[PDB]
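Student: My questions all concern the structure below.
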Amino acid sequence: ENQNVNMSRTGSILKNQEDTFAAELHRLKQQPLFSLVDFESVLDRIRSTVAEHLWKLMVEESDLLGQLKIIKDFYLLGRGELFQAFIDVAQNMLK
Amino acid sequence: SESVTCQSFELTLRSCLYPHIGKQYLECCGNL
């Protein structure tokens, strides 16, 4: 809701999953009783279709596979030679 | 249609009025 409204996880300005959510609301209110299986099997449907759309968000906006090998190369030191020249110079003036 | 699919109730209409304010707040600043 902060940055941009077409970037939503469920599909709220941009998709029609919330009318499926409206159908879920219609299914879950007229029931006078309560149990565990009927409540939690549709806790999948408010999660699983929502848990895939943001996965299909951040692939295209960022090139996911780009920075998430880059940030490991800065910390686990994949570019090994590229920091030793830093280490050689930083030794002579951290004395 | 149905009340229990329209849920609920007054903050959804208020979040409809804020783009109704917004469609004038967005179009005034273009003219300024």
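A note on labels: chains of the structure tokens are A, B, ... as shown, every chain counts residues from 1, and ligands are counted from 1 in their shown order.
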Distance cut-off 8 Å, counting only C-alpha atoms - which residues of chain A neighbour chain B? Return them as a compact mmCIF listing (two decimals) with N, CA, C and O atoms, in the first residue's frame.

Tutor:
# COMPACT_ATOMS: atom_id res chain seq x y z
N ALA A 22 -14.30 -12.57 -2.20
CA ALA A 22 -15.71 -12.24 -1.88
C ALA A 22 -16.55 -13.52 -1.86
O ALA A 22 -17.44 -13.65 -0.98
N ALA A 23 -16.29 -14.43 -2.81
CA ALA A 23 -16.98 -15.74 -2.86
C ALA A 23 -16.64 -16.54 -1.60
O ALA A 23 -17.55 -17.20 -1.06
N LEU A 25 -15.88 -15.25 1.26
CA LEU A 25 -16.63 -14.57 2.35
C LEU A 25 -18.08 -15.08 2.34
O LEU A 25 -18.61 -15.38 3.44
N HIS A 26 -18.67 -15.22 1.15
CA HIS A 26 -20.06 -15.73 1.03
C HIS A 26 -20.13 -17.16 1.59
O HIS A 26 -21.10 -17.45 2.31
N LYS A 29 -19.69 -17.28 6.00
CA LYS A 29 -20.41 -16.53 7.02
C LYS A 29 -21.74 -17.15 7.41
O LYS A 29 -22.09 -17.14 8.59

Student: Go through chain A and collect every residue that DSSP, computed from the backbone, puts in alpha helix (DSSP H); the answer should be as a PyMOL selection string.

Tutor: chain A and resi 17-29+37-41+48-53+55-62+64-75+81-91

Student: For atom CA of residue 23 of chain B and atom CA of residue 8 of chain A, determine how far apart the two atoms are, in Å to one decimal place.

Tutor: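 Atom CA of residue 23 of chain B sits 21.5 Å away from atom CA of residue 8 of chain A.
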